[PDB]
Every structure is written in structure tokens, then in C-alpha cells.
file query_22.cif (mmCIF, C-alpha atoms)
data_coords
#
loop_
_atom_site.group_PDB
_atom_site.id
_atom_site.type_symbol
_atom_site.label_atom_id
_atom_site.label_comp_id
_atom_site.auth_asym_id
_atom_site.auth_seq_id
_atom_site.Cartn_x
_atom_site.Cartn_y
_atom_site.Cartn_z
ATOM 1 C CA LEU A 12 217.608 -31.765 41.125
ATOM 2 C CA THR A 13 213.793 -31.538 41.711
ATOM 3 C CA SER A 14 214.795 -28.121 43.056
ATOM 4 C CA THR A 15 214.600 -26.924 39.502
ATOM 5 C CA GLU A 16 210.788 -27.107 39.238
ATOM 6 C CA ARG A 17 210.715 -25.538 42.703
ATOM 7 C CA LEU A 18 212.815 -22.570 41.543
ATOM 8 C CA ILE A 19 210.960 -22.107 38.334
ATOM 9 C CA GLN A 20 207.586 -22.188 40.176
ATOM 10 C CA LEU A 21 209.046 -19.769 42.695
ATOM 11 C CA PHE A 22 210.585 -17.281 40.145
ATOM 12 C CA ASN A 23 207.088 -17.342 38.624
ATOM 13 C CA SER A 24 205.239 -15.953 41.689
ATOM 14 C CA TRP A 25 207.950 -13.392 42.335
ATOM 15 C CA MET A 26 207.265 -12.313 38.782
ATOM 16 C CA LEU A 27 203.526 -11.531 38.953
ATOM 17 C CA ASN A 28 203.879 -10.380 42.559
ATOM 18 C CA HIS A 29 206.061 -7.593 41.154
ATOM 19 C CA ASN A 30 204.148 -7.066 37.852
ATOM 20 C CA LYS A 31 207.033 -8.283 35.633
ATOM 21 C CA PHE A 32 206.490 -9.176 31.935
ATOM 22 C CA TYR A 33 209.200 -10.011 29.335
ATOM 23 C CA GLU A 34 208.508 -9.860 25.558
ATOM 24 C CA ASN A 35 210.598 -12.826 24.330
ATOM 25 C CA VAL A 36 211.258 -16.227 25.951
ATOM 26 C CA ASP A 37 215.057 -15.907 26.107
ATOM 27 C CA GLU A 38 214.984 -12.858 28.324
ATOM 28 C CA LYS A 39 213.040 -14.811 30.914
ATOM 29 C CA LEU A 40 215.655 -17.529 30.638
ATOM 30 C CA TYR A 41 218.389 -14.944 31.224
ATOM 31 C CA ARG A 42 216.486 -13.296 34.078
ATOM 32 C CA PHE A 43 215.843 -16.615 35.696
ATOM 33 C CA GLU A 44 219.638 -17.225 35.690
ATOM 34 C CA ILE A 45 220.365 -13.862 37.367
ATOM 35 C CA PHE A 46 217.643 -14.505 39.907
ATOM 36 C CA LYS A 47 219.157 -17.858 40.816
ATOM 37 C CA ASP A 48 222.565 -16.301 41.335
ATOM 38 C CA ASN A 49 221.094 -13.537 43.496
ATOM 39 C CA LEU A 50 219.269 -16.078 45.604
ATOM 40 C CA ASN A 51 222.551 -17.833 46.338
ATOM 41 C CA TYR A 52 224.193 -14.601 47.467
ATOM 42 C CA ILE A 53 221.128 -14.109 49.639
ATOM 43 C CA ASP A 54 221.637 -17.455 51.434
ATOM 44 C CA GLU A 55 225.423 -17.477 51.886
ATOM 45 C CA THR A 56 224.797 -14.115 53.401
ATOM 46 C CA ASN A 57 221.763 -14.742 55.639
ATOM 47 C CA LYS A 58 223.496 -17.738 57.144
ATOM 48 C CA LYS A 59 226.204 -15.265 58.238
ATOM 49 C CA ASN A 60 224.082 -14.525 61.324
ATOM 50 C CA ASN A 61 224.134 -10.725 61.341
ATOM 51 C CA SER A 62 221.442 -8.239 62.442
ATOM 52 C CA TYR A 63 219.476 -7.823 59.177
ATOM 53 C CA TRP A 64 218.399 -9.975 56.241
ATOM 54 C CA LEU A 65 218.571 -9.822 52.420
ATOM 55 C CA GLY A 66 215.708 -11.012 50.224
ATOM 56 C CA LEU A 67 213.908 -11.370 46.918
ATOM 57 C CA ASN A 68 212.877 -7.689 46.701
ATOM 58 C CA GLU A 69 212.032 -5.457 43.676
ATOM 59 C CA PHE A 70 215.542 -5.898 42.241
ATOM 60 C CA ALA A 71 215.993 -9.683 42.568
ATOM 61 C CA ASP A 72 215.507 -9.634 38.795
ATOM 62 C CA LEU A 73 218.637 -7.602 38.000
ATOM 63 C CA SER A 74 222.418 -7.920 38.253
ATOM 64 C CA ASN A 75 224.422 -5.569 40.452
ATOM 65 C CA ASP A 76 226.090 -3.544 37.638
ATOM 66 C CA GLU A 77 222.694 -3.234 35.935
ATOM 67 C CA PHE A 78 221.175 -1.996 39.168
ATOM 68 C CA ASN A 79 223.748 0.834 39.564
ATOM 69 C CA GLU A 80 223.146 1.804 35.976
ATOM 70 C CA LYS A 81 219.537 2.810 36.321
ATOM 71 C CA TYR A 82 218.998 3.339 40.009
ATOM 72 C CA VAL A 83 222.019 4.570 41.994
ATOM 73 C CA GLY A 84 221.165 8.150 40.943
ATOM 74 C CA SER A 85 224.411 9.944 41.808
ATOM 75 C CA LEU A 86 225.650 12.996 43.683
ATOM 76 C CA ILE A 87 228.050 15.708 42.421
ATOM 77 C CA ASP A 88 230.379 17.682 44.775
ATOM 78 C CA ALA A 89 231.544 21.178 45.699
ATOM 79 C CA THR A 90 234.434 22.185 48.014
ATOM 80 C CA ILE A 91 235.028 24.706 50.873
ATOM 81 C CA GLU A 92 231.241 24.813 51.350
ATOM 82 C CA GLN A 93 229.292 28.049 51.135
ATOM 83 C CA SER A 94 229.180 28.384 55.012
ATOM 84 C CA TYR A 95 225.404 28.059 55.360
ATOM 85 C CA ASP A 96 222.719 30.302 56.941
ATOM 86 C CA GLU A 97 222.686 28.713 60.412
ATOM 87 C CA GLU A 98 225.704 26.508 61.189
ATOM 88 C CA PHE A 99 224.055 23.933 63.435
ATOM 89 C CA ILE A 100 224.676 25.482 66.873
ATOM 90 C CA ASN A 101 226.731 22.349 67.748
ATOM 91 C CA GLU A 102 225.119 19.529 69.746
ATOM 92 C CA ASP A 103 226.542 16.422 71.491
ATOM 93 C CA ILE A 104 225.162 15.423 74.904
ATOM 94 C CA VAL A 105 222.475 12.668 74.756
ATOM 95 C CA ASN A 106 219.730 12.265 77.413
ATOM 96 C CA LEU A 107 217.355 13.622 74.872
ATOM 97 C CA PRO A 108 214.570 11.309 73.549
ATOM 98 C CA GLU A 109 214.839 7.579 73.099
ATOM 99 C CA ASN A 110 212.837 7.099 69.906
ATOM 100 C CA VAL A 111 211.669 9.579 67.315
ATOM 101 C CA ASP A 112 209.487 8.892 64.317
ATOM 102 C CA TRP A 113 208.117 11.845 62.333
ATOM 103 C CA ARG A 114 205.495 9.591 60.791
ATOM 104 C CA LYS A 115 203.553 9.337 64.059
ATOM 105 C CA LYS A 116 203.072 13.132 64.081
ATOM 106 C CA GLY A 117 201.644 13.097 60.466
ATOM 107 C CA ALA A 118 204.804 14.739 59.046
ATOM 108 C CA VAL A 119 205.946 12.283 56.365
ATOM 109 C CA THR A 120 204.279 11.637 53.041
ATOM 110 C CA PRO A 121 203.833 8.178 51.436
ATOM 111 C CA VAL A 122 207.074 6.758 49.913
ATOM 112 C CA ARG A 123 207.841 7.322 46.181
ATOM 113 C CA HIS A 124 209.730 5.792 43.255
ATOM 114 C CA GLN A 125 212.461 7.809 41.446
ATOM 115 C CA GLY A 126 212.421 5.571 38.312
ATOM 116 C CA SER A 127 215.409 5.374 35.932
ATOM 117 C CA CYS A 128 216.460 8.898 36.993
ATOM 118 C CA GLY A 129 219.331 9.986 39.246
ATOM 119 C CA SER A 130 217.167 12.409 41.165
ATOM 120 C CA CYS A 131 217.597 11.189 44.727
ATOM 121 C CA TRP A 132 218.921 14.664 45.641
ATOM 122 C CA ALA A 133 215.567 16.290 44.661
ATOM 123 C CA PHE A 134 213.469 13.679 46.465
ATOM 124 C CA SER A 135 215.534 13.963 49.655
ATOM 125 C CA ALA A 136 215.086 17.725 49.939
ATOM 126 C CA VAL A 137 211.333 17.698 49.052
ATOM 127 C CA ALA A 138 210.796 15.319 51.971
ATOM 128 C CA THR A 139 212.758 17.327 54.627
ATOM 129 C CA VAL A 140 210.789 20.403 53.674
ATOM 130 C CA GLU A 141 207.364 18.720 53.470
ATOM 131 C CA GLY A 142 208.197 17.874 57.078
ATOM 132 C CA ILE A 143 209.508 21.161 58.482
ATOM 133 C CA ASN A 144 206.344 22.622 56.936
ATOM 134 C CA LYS A 145 203.841 20.487 58.882
ATOM 135 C CA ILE A 146 205.951 21.099 62.046
ATOM 136 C CA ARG A 147 205.045 24.833 61.592
ATOM 137 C CA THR A 148 201.773 24.983 59.646
ATOM 138 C CA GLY A 149 200.370 21.840 61.350
ATOM 139 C CA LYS A 150 199.385 20.876 57.786
ATOM 140 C CA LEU A 151 201.171 18.252 55.667
ATOM 141 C CA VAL A 152 201.216 18.630 51.907
ATOM 142 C CA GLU A 153 202.422 16.976 48.682
ATOM 143 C CA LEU A 154 205.142 19.068 47.029
ATOM 144 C CA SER A 155 206.740 18.672 43.563
ATOM 145 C CA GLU A 156 210.277 17.212 43.120
ATOM 146 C CA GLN A 157 209.788 17.845 39.396
ATOM 147 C CA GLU A 158 210.202 21.574 39.895
ATOM 148 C CA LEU A 159 213.593 21.054 41.441
ATOM 149 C CA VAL A 160 214.824 18.930 38.565
ATOM 150 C CA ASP A 161 213.624 21.397 35.911
ATOM 151 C CA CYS A 162 214.670 24.635 37.721
ATOM 152 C CA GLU A 163 217.692 24.655 40.112
ATOM 153 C CA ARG A 164 220.172 24.173 37.241
ATOM 154 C CA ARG A 165 223.237 24.198 39.513
ATOM 155 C CA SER A 166 222.761 20.436 39.924
ATOM 156 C CA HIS A 167 222.216 18.383 36.776
ATOM 157 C CA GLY A 168 218.805 16.793 36.712
ATOM 158 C CA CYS A 169 218.843 13.039 36.182
ATOM 159 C CA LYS A 170 222.680 13.024 36.016
ATOM 160 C CA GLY A 171 222.859 13.871 39.709
ATOM 161 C CA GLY A 172 222.669 16.770 42.077
ATOM 162 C CA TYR A 173 223.462 18.544 45.317
ATOM 163 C CA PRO A 174 220.860 18.822 48.076
ATOM 164 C CA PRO A 175 222.008 22.144 49.668
ATOM 165 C CA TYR A 176 221.550 23.823 46.279
ATOM 166 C CA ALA A 177 218.018 22.362 46.181
ATOM 167 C CA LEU A 178 217.362 23.808 49.639
ATOM 168 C CA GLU A 179 218.759 27.351 48.989
ATOM 169 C CA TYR A 180 216.433 27.252 45.993
ATOM 170 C CA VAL A 181 213.417 27.165 48.260
ATOM 171 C CA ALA A 182 214.535 29.938 50.580
ATOM 172 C CA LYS A 183 214.739 32.103 47.433
ATOM 173 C CA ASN A 184 211.794 30.850 45.328
ATOM 174 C CA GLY A 185 209.421 28.780 47.445
ATOM 175 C CA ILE A 186 208.041 25.558 45.811
ATOM 176 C CA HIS A 187 204.835 24.204 44.187
ATOM 177 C CA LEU A 188 202.325 21.299 44.521
ATOM 178 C CA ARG A 189 203.181 17.753 43.413
ATOM 179 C CA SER A 190 199.643 17.504 41.988
ATOM 180 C CA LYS A 191 200.257 20.608 39.868
ATOM 181 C CA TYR A 192 203.865 19.997 38.710
ATOM 182 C CA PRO A 193 203.918 16.151 38.626
ATOM 183 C CA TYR A 194 207.113 14.022 38.495
ATOM 184 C CA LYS A 195 208.017 12.782 34.966
ATOM 185 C CA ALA A 196 211.301 10.749 35.176
ATOM 186 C CA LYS A 197 213.203 13.188 32.878
ATOM 187 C CA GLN A 198 214.149 16.878 32.987
ATOM 188 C CA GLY A 199 212.002 19.413 31.070
ATOM 189 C CA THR A 200 212.042 23.211 30.740
ATOM 190 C CA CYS A 201 211.397 24.978 34.042
ATOM 191 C CA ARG A 202 207.605 25.373 33.929
ATOM 192 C CA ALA A 203 207.610 26.770 37.543
ATOM 193 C CA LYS A 204 205.925 29.854 36.149
ATOM 194 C CA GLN A 205 202.995 28.515 34.122
ATOM 195 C CA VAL A 206 201.801 26.253 36.950
ATOM 196 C CA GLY A 207 199.250 27.119 39.634
ATOM 197 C CA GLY A 208 198.497 26.286 43.232
ATOM 198 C CA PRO A 209 199.948 27.576 46.510
ATOM 199 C CA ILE A 210 203.664 27.558 47.133
ATOM 200 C CA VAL A 211 205.347 26.596 50.385
ATOM 201 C CA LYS A 212 207.951 29.046 51.545
ATOM 202 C CA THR A 213 211.061 28.979 53.585
ATOM 203 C CA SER A 214 213.865 31.064 54.983
ATOM 204 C CA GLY A 215 217.340 29.530 54.714
ATOM 205 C CA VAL A 216 219.062 26.152 55.238
ATOM 206 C CA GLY A 217 221.181 24.719 58.095
ATOM 207 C CA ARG A 218 224.330 22.615 57.929
ATOM 208 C CA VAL A 219 224.865 20.049 60.693
ATOM 209 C CA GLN A 220 228.312 19.242 62.111
ATOM 210 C CA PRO A 221 229.476 16.156 60.143
ATOM 211 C CA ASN A 222 231.088 12.898 61.287
ATOM 212 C CA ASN A 223 229.532 12.939 64.721
ATOM 213 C CA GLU A 224 226.444 11.029 65.819
ATOM 214 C CA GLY A 225 225.266 13.393 68.552
ATOM 215 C CA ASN A 226 225.097 16.349 66.186
ATOM 216 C CA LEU A 227 222.905 14.392 63.840
ATOM 217 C CA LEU A 228 220.553 12.743 66.333
ATOM 218 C CA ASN A 229 219.740 16.107 67.978
ATOM 219 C CA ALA A 230 219.184 17.601 64.562
ATOM 220 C CA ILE A 231 216.900 14.730 63.521
ATOM 221 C CA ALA A 232 215.160 15.354 66.831
ATOM 222 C CA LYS A 233 213.977 18.800 65.790
ATOM 223 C CA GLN A 234 212.833 17.746 62.304
ATOM 224 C CA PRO A 235 213.687 15.502 59.326
ATOM 225 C CA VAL A 236 217.236 15.865 57.913
ATOM 226 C CA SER A 237 218.573 15.162 54.415
ATOM 227 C CA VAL A 238 221.614 12.918 54.564
ATOM 228 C CA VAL A 239 223.983 10.881 52.382
ATOM 229 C CA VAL A 240 225.098 7.247 52.031
ATOM 230 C CA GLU A 241 226.886 4.603 49.845
ATOM 231 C CA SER A 242 224.003 2.730 48.237
ATOM 232 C CA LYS A 243 225.936 0.885 45.438
ATOM 233 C CA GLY A 244 226.549 -2.177 47.635
ATOM 234 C CA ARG A 245 225.153 -5.585 46.646
ATOM 235 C CA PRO A 246 223.835 -6.139 50.194
ATOM 236 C CA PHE A 247 222.117 -2.744 49.889
ATOM 237 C CA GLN A 248 220.610 -3.746 46.539
ATOM 238 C CA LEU A 249 218.958 -6.777 48.026
ATOM 239 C CA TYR A 250 218.097 -5.425 51.490
ATOM 240 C CA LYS A 251 214.780 -6.634 52.956
ATOM 241 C CA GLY A 252 214.759 -5.701 56.654
ATOM 242 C CA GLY A 253 216.679 -5.264 59.908
ATOM 243 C CA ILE A 254 219.526 -3.165 61.216
ATOM 244 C CA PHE A 255 221.830 -2.929 58.211
ATOM 245 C CA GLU A 256 225.446 -3.034 59.414
ATOM 246 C CA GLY A 257 227.367 -3.390 56.137
ATOM 247 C CA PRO A 258 229.282 -4.485 54.323
ATOM 248 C CA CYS A 259 229.443 -1.051 52.599
ATOM 249 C CA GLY A 260 232.160 1.570 52.034
ATOM 250 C CA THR A 261 232.080 5.340 52.618
ATOM 251 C CA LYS A 262 232.078 6.430 48.932
ATOM 252 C CA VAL A 263 228.610 8.045 49.063
ATOM 253 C CA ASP A 264 226.415 8.151 45.942
ATOM 254 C CA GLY A 265 222.885 9.014 47.164
ATOM 255 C CA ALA A 266 220.562 11.357 49.096
ATOM 256 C CA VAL A 267 217.961 10.013 51.498
ATOM 257 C CA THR A 268 215.757 11.321 54.303
ATOM 258 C CA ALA A 269 216.371 10.352 57.966
ATOM 259 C CA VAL A 270 212.965 10.630 59.641
ATOM 260 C CA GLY A 271 213.873 9.116 62.974
ATOM 261 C CA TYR A 272 216.189 7.098 65.167
ATOM 262 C CA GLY A 273 215.656 4.599 67.900
ATOM 263 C CA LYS A 274 217.110 1.545 69.526
ATOM 264 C CA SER A 275 216.035 -2.093 69.506
ATOM 265 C CA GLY A 276 217.513 -3.310 72.752
ATOM 266 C CA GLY A 277 221.273 -2.963 72.423
ATOM 267 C CA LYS A 278 221.605 -1.881 68.822
ATOM 268 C CA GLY A 279 220.864 1.755 68.003
ATOM 269 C CA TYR A 280 219.836 2.993 64.572
ATOM 270 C CA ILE A 281 218.682 5.859 62.318
ATOM 271 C CA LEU A 282 215.492 5.369 60.291
ATOM 272 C CA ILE A 283 215.525 6.400 56.634
ATOM 273 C CA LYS A 284 212.920 6.933 53.958
ATOM 274 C CA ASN A 285 214.281 5.959 50.501
ATOM 275 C CA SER A 286 213.119 6.652 46.914
ATOM 276 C CA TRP A 287 212.833 3.104 45.615
ATOM 277 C CA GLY A 288 209.156 2.408 46.110
ATOM 278 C CA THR A 289 207.586 0.123 48.658
ATOM 279 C CA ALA A 290 208.836 -3.177 47.227
ATOM 280 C CA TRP A 291 212.388 -2.488 48.519
ATOM 281 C CA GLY A 292 213.392 -2.817 52.211
ATOM 282 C CA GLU A 293 210.818 -2.328 54.960
ATOM 283 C CA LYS A 294 207.991 -0.914 52.898
ATOM 284 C CA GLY A 295 210.344 1.616 51.276
ATOM 285 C CA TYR A 296 212.396 2.291 54.432
ATOM 286 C CA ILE A 297 215.714 1.067 55.917
ATOM 287 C CA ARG A 298 217.168 1.219 59.450
ATOM 288 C CA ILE A 299 220.954 1.706 59.528
ATOM 289 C CA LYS A 300 223.273 1.037 62.444
ATOM 290 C CA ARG A 301 224.538 3.904 64.476
ATOM 291 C CA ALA A 302 228.242 4.479 64.781
ATOM 292 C CA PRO A 303 228.897 6.154 68.089
ATOM 293 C CA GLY A 304 230.099 9.628 68.510
ATOM 294 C CA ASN A 305 233.044 9.991 66.073
ATOM 295 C CA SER A 306 233.320 8.473 62.630
ATOM 296 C CA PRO A 307 231.837 9.082 59.157
ATOM 297 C CA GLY A 308 229.008 6.763 60.020
ATOM 298 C CA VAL A 309 228.158 3.359 58.603
ATOM 299 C CA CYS A 310 228.237 3.669 54.764
ATOM 300 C CA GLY A 311 229.412 7.261 55.341
ATOM 301 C CA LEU A 312 226.078 8.190 56.800
ATOM 302 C CA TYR A 313 227.318 11.054 58.968
ATOM 303 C CA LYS A 314 229.286 12.591 56.097
ATOM 304 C CA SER A 315 226.836 15.276 54.879
ATOM 305 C CA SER A 316 223.541 16.373 56.479
ATOM 306 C CA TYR A 317 221.422 19.535 55.900
ATOM 307 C CA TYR A 318 217.923 20.736 56.891
ATOM 308 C CA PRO A 319 215.644 23.498 55.714
ATOM 309 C CA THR A 320 214.911 26.225 58.353
ATOM 310 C CA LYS A 321 211.448 27.847 58.272
ATOM 311 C CA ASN A 322 210.230 31.108 59.811
#

call {"tool": "encode", "arguments": {"input": "query_22.cif", "output": "C-alpha cells"}}
result
Amino acid sequence: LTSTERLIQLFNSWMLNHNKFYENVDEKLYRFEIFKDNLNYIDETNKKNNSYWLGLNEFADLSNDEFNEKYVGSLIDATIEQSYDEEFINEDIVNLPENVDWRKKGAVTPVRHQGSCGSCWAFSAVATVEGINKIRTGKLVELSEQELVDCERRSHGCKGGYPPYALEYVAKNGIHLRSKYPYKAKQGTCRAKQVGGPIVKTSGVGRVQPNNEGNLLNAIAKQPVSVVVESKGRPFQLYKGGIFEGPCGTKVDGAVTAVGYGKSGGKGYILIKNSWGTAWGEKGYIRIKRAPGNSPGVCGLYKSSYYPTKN
């Protein structure tokens, strides 16, 4: 029962350590109650003895339903796909690298925060291209996701999107500088035209053979791939570190960027850069378990991957 002062004192640090203010006293009271509940889920679950751990991250504050409301940032879907530029000339056989990490080769930008906007699709693409660019130009630069939300009207801004559409958009129109067309957390009129600075260009997009690990790994190996996953899970909400191995279903709702893969003695994984800031997961990133060869992947990870192709 002393525990109570302990908890209060504790909720308190978590608060300023994540720059959290509440206007009225009762909200804090409410928040505190949520927090407490979350914490319990976090213990019952860490005691489970799995390969990762949950924690008091950026979202400890919120309830699960509340979390999906403002941050899941959905995907939309098309059928009998447009049969893309270069159908990934099908891979499989391993005995290719052991560990890849496109951050070592200065090909990944700092991590970002998508706010209360369902723009993960835009963010995902921007990343994969920022990468394929440095792999060619030997120069890494900060591109604007904002353009994609405002132009590229096939996908619906904050209401969700489709990454391939975002990609085909570059092949056809290039893309501007983040510094020039900043991100604003809501869709505006496509100002692509009245904004200066160089524009990165590309030629096409490539679709990788789904539901197979080999195909993906080899793809990742050449450059960073945009891929999908089911992020609505409660575990996922409160992830802190490790090799996440569920629980999570295959009903995908978000776009992320796989920037590597590796193995930590026994367990193999794919390394992803997410759009939730640095206070979530491992400094913005998450490492997900690898399902071997044939399946949709853990949390439907293998389900849908694409990459820009540059001249």
C-alpha cells in the first residue's frame, strides 16, 4: 500500500521525461489510472519470458483504443496490382551477407514523428528513396513527405495511403527538399510548384515477391525496402526493445522502412525504422522476428514490399 506513493512519484518522472502537461487536475488522475493499468500489462507480459520486452514508452499515457485513434495511420488497398516496372527478378538462396545495416553506410536519415496523421505510407516511401539516392549519388539528403501528402491524390492524405502510388509519383515527378516543403501534420493544396530547391529523380518502382523471406532479405540487401505490418497490437503499442515475436495478427495497417536484417545468435530478424519518434522502441526502431522461407511473415511482414529503382 506504500506502493501508491512509489507509483505517483514514478508517474511523475515519466511525465517530465516525456514533456507531458495536463490543464486540469482530473485529467492527471485519469491518466494516472491508465498508466497503472498499462504497467500491469507490462509486467504480466515481461514475466512471460519471451525474446523482447515492453515498457513505459511514449504511449504509456494512453489507452489502446485511444492509441489506434491518433497513431495507427492506416493503409487503403487495390487489387490485381498494376504489374510493376521491374518484377523483382525472383531471389531465394541465402549465403549472401550475414548482417546489413544501411545506417553504417550513411544512407538513413534521423527518425521522425508522423503526429496525429495517418501518413505512414508517405514516410515509408520518402525513406526508401532517400536511401536508394545516396547509394547512387553518394550523397544523403532530407526529402519532403509533405509533398506526397499534398500531391499524389490517389491515396488520401491523413486518412491513409498506398506506398506504390507514392513511388510511381517520383518516377514521374521527382521530389523536393524537406527543408523547403516542411511536414505540417495535415494535408494542404499541392504547393509542389511554388517551392524551390533541387529535386531528386527516379526511374520506376520494383515489386518484390511476397510471402517469402529470401525474396525480401536479398531485396533489403541491395537497398532499403518499404514494407507493411499489423501495428494495432497492444504489445506493439508498448514495445521497448528486443526481437518482437508477437502476439500480433496479419491484418496490416501501416507502412514502415526495413533498413537491415541480422541475427543475434539463433534468432534472425529484420530491422525497421518507424515513424513514431525516438521515444518509442529502440530509439525509434524495432527488430522483428524472421519467419523462414514461406509464410506472410510475423505480423504479416512479408505481405507487401516495394522499392524505388534509380537510373

call {"tool": "residues_near_point", "arguments": {"input": "query_22.cif", "point": "(211.8, 34.1, 49.2)", "cutoff": "9 Å", "atoms": "all atoms listed in the file", "output": "list in words"}}
result
residues 180, 181, 182, 183, 184, 185, 212, 213 and 214 of chain A

call {"tool": "residues_around", "arguments": {"input": "query_22.cif", "residues": "residue 136 (chain A)", "least_positions_apart": "4", "cutoff": "9 Å", "atoms": "only C-alpha atoms", "output": "CSV table (one decimal) with C-alpha atoms, keeping the file's coordinate frame"}}
result
chain,number,residue,atom,x,y,z
A,131,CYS,CA,217.6,11.2,44.7
A,132,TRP,CA,218.9,14.7,45.6
A,140,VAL,CA,210.8,20.4,53.7
A,141,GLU,CA,207.4,18.7,53.5
A,156,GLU,CA,210.3,17.2,43.1
A,174,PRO,CA,220.9,18.8,48.1
A,175,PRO,CA,222.0,22.1,49.7
A,177,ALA,CA,218.0,22.4,46.2
A,178,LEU,CA,217.4,23.8,49.6
A,236,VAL,CA,217.2,15.9,57.9
A,237,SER,CA,218.6,15.2,54.4
A,266,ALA,CA,220.6,11.4,49.1
A,267,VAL,CA,218.0,10.0,51.5
A,268,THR,CA,215.8,11.3,54.3
A,317,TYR,CA,221.4,19.5,55.9
A,318,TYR,CA,217.9,20.7,56.9
A,319,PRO,CA,215.6,23.5,55.7

call {"tool": "resolve_selection", "arguments": {"input": "query_22.cif", "expression": "the PyMOL selection byres ((chain A and resi 114-129) around 7)", "output": "PDB file with C-alpha atoms, keeping the file's coordinate frame"}}
result
ATOM      1  CA  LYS A  81     219.537   2.810  36.321  1.00  0.00           C
ATOM      2  CA  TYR A  82     218.998   3.339  40.009  1.00  0.00           C
ATOM      3  CA  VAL A  83     222.019   4.570  41.994  1.00  0.00           C
ATOM      4  CA  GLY A  84     221.165   8.150  40.943  1.00  0.00           C
ATOM      5  CA  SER A  85     224.411   9.944  41.808  1.00  0.00           C
ATOM      6  CA  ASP A 112     209.487   8.892  64.317  1.00  0.00           C
ATOM      7  CA  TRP A 113     208.117  11.845  62.333  1.00  0.00           C
ATOM      8  CA  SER A 130     217.167  12.409  41.165  1.00  0.00           C
ATOM      9  CA  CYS A 131     217.597  11.189  44.727  1.00  0.00           C
ATOM     10  CA  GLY A 142     208.197  17.874  57.078  1.00  0.00           C
ATOM     11  CA  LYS A 145     203.841  20.487  58.882  1.00  0.00           C
ATOM     12  CA  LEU A 151     201.171  18.252  55.667  1.00  0.00           C
ATOM     13  CA  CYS A 169     218.843  13.039  36.182  1.00  0.00           C
ATOM     14  CA  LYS A 170     222.680  13.024  36.016  1.00  0.00           C
ATOM     15  CA  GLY A 171     222.859  13.871  39.709  1.00  0.00           C
ATOM     16  CA  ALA A 196     211.301  10.749  35.176  1.00  0.00           C
ATOM     17  CA  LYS A 197     213.203  13.188  32.878  1.00  0.00           C
ATOM     18  CA  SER A 286     213.119   6.652  46.914  1.00  0.00           C
ATOM     19  CA  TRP A 287     212.833   3.104  45.615  1.00  0.00           C
ATOM     20  CA  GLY A 288     209.156   2.408  46.110  1.00  0.00           C
ATOM     21  CA  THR A 289     207.586   0.123  48.658  1.00  0.00           C
ATOM     22  CA  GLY A 295     210.344   1.616  51.276  1.00  0.00           C
TER      23      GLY A 295
END

call {"tool": "resolve_selection", "arguments": {"input": "query_22.cif", "expression": "the PyMOL selection byres ((chain A and resi 100-105) around 10)", "output": "count of residues only"}}
result
20

call {"tool": "residues_around", "arguments": {"input": "query_22.cif", "residues": "residue 29 (chain A)", "least_positions_apart": "3", "cutoff": "7 Å", "atoms": "all atoms listed in the file", "output": "list in words"}}
result
residues 25, 26 and 69 of chain A

call {"tool": "closest_residue", "arguments": {"input": "query_22.cif", "among": "A:244, A:273, A:221, A:199", "to": "residue 74 (chain A)", "atoms": "only C-alpha atoms"}}
result
A:244

call {"tool": "residues_around", "arguments": {"input": "query_22.cif", "residues": "residue 51 (chain A)", "least_positions_apart": "3", "cutoff": "12 Å", "atoms": "only C-alpha atoms", "output": "JSON, numbers by chain"}}
result
{"A": [18, 44, 45, 46, 47, 48, 54, 55, 56, 57, 58, 65, 66, 67, 71, 249]}

call {"tool": "closest_atom_pairs", "arguments": {"input": "query_22.cif", "of": "region 146-217 of chain A", "to": "region 87-94 of chain A", "cutoff": "8 Å", "atoms": "all atoms listed in the file", "output": "Markdown table"}}
result
| residue | atom | partner | partner_atom | distance |
| --- | --- | --- | --- | --- |
| A:166 | CA | A:87 | CA | 7.5 |
| A:171 | CA | A:87 | CA | 6.1 |
| A:172 | CA | A:87 | CA | 5.5 |
| A:173 | CA | A:87 | CA | 6.1 |

call {"tool": "resolve_selection", "arguments": {"input": "query_22.cif", "expression": "the PyMOL selection byres ((chain A and resi 280) around 9)", "output": "ChimeraX atom specification"}}
result
/A:254-255,271-275,278-279,281-282,298-302

call {"tool": "closest_residue", "arguments": {"input": "query_22.cif", "among": "A:320, A:262, A:245, A:240", "to": "residue 53 (chain A)", "atoms": "all atoms listed in the file"}}
result
A:245

call {"tool": "atom_distance", "arguments": {"input": "query_22.cif", "atom1": "CA of residue 258 (chain A)", "atom2": "CA of residue 243 (chain A)"}}
result
10.9 Å

call {"tool": "closest_residue", "arguments": {"input": "query_22.cif", "among": "A:13, A:62, A:147, A:205", "to": "residue 322 (chain A)", "atoms": "all atoms listed in the file"}}
result
A:147

call {"tool": "axis_aligned_box", "arguments": {"input": "query_22.cif", "around": "region 266-276 of chain A", "padding_each_side": "4 Å", "output": "JSON"}}
result
{"center_x": 216.8, "center_y": 4.0, "center_z": 60.9, "size_x": 15.6, "size_y": 22.7, "size_z": 31.7}

call {"tool": "closest_residue", "arguments": {"input": "query_22.cif", "among": "A:270, A:64, A:231, A:276", "to": "residue 293 (chain A)", "atoms": "all atoms listed in the file"}}
result
A:64

call {"tool": "atom_distance", "arguments": {"input": "query_22.cif", "atom1": "CA of residue 148 (chain A)", "atom2": "CA of residue 133 (chain A)"}}
result
22.1 Å

call {"tool": "closest_residue", "arguments": {"input": "query_22.cif", "among": "A:239, A:203, A:143, A:159", "to": "residue 222 (chain A)", "atoms": "all atoms listed in the file"}}
result
A:239

call {"tool": "closest_residue", "arguments": {"input": "query_22.cif", "among": "A:110, A:242, A:139, A:234", "to": "residue 152 (chain A)", "atoms": "only C-alpha atoms"}}
result
A:139

call {"tool": "atom_distance", "arguments": {"input": "query_22.cif", "atom1": "CA of residue 235 (chain A)", "atom2": "CA of residue 138 (chain A)"}}
result
7.9 Å

call {"tool": "residues_around", "arguments": {"input": "query_22.cif", "residues": "residue 241 (chain A)", "least_positions_apart": "3", "cutoff": "8 Å", "atoms": "all atoms listed in the file", "output": "list in words"}}
result
residues 244, 259, 260, 261, 262, 263, 264, 265, 310, 311 and 312 of chain A

call {"tool": "decode", "arguments": {"input": "query_22.cif", "residues": "region 279-283 of chain A", "atoms": "N, CA, C and O atoms", "output": "short mmCIF file (atom, residue, chain, number, x, y, z; two decimals), in the first residue's frame"}}
result
data_model
loop_
_atom_site.label_atom_id
_atom_site.label_comp_id
_atom_site.auth_asym_id
_atom_site.auth_seq_id
_atom_site.Cartn_x
_atom_site.Cartn_y
_atom_site.Cartn_z
N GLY A 279 16.86 -14.82 -35.89
CA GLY A 279 17.12 -13.92 -37.01
C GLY A 279 16.06 -12.84 -37.01
O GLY A 279 14.94 -13.08 -36.55
N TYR A 280 16.36 -11.69 -37.59
CA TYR A 280 15.41 -10.59 -37.59
C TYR A 280 15.60 -9.61 -38.75
O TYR A 280 16.62 -9.63 -39.44
N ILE A 281 14.61 -8.72 -38.91
CA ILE A 281 14.64 -7.65 -39.91
C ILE A 281 14.58 -6.39 -39.06
O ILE A 281 13.82 -6.33 -38.09
N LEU A 282 15.37 -5.39 -39.42
CA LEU A 282 15.43 -4.14 -38.67
C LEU A 282 14.65 -3.04 -39.39
O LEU A 282 14.96 -2.68 -40.53
N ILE A 283 13.72 -2.44 -38.66
CA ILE A 283 12.81 -1.43 -39.18
C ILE A 283 12.90 -0.08 -38.54
O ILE A 283 12.92 0.03 -37.32
#
